[PDB]
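Neighbour counts run over all protein chains shown; Cβ positions are idealised from the backbone, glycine included. Readers should treat all values here as calculations from the given coordinates under stated rules, not as data from a laboratory.
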Amino acid sequence: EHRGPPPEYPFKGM
Amino acid sequence: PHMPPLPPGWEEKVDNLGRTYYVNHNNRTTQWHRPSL
């Protein structure tokens with residue numbers, strides 16, 4: 001396990 | 001052992017703490033676990 005979820009998807013790329 | 005290839009649509013990235021994670025550009029999602037074919 002990891003601290004937190006991973007970074008959010010790079011939505012600005014949409 | 002070696003790393004099997006990533007499936008289409010997926011990218012491997014490293015976050016600002018040096019942690020590897022995976023980006024699914026078909027789903028617009030991210031996850032820790034490496035995806036498999």
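Sort A:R3, B:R34 so the one with the fewest other Cβ atoms within 10 Å of its own Cβ comes first.
Going from sparsest to densest Cβ surroundings: A:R3, B:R34.
Please sort by residue number the chymotrypsin sites (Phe, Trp or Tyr not before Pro) in chain B whose DSSP state is loop and whose Cβ has at most 14 other Cβ atoms within 10 Å.
B:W32
How well do other chains shield peptide A:1-8, expressed as the mean number of their Cβ atoms within 10 Å of each residue Cβ?
Mean partner-chain Cβ count within 10 Å for A:1-8: 5.
If you take the square roots of the eigenvalues of the alpha-carbon gyration tensor of the protein assembly as shown and sort them as a ≥ b ≥ c, do you get rounded (a/c under 1.5), prolate (a/b over b/c) or oblate?
Oblate, since a/c reaches 1.5 and b/c is not below a/b.
Rounded to the nearest 0.05, what FRET efficiency do A:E8 and B:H2 give with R0 = 30 Å and r taken as the Cβ-Cβ distance? Could you check?
After rounding, the FRET efficiency stands at 0.50.
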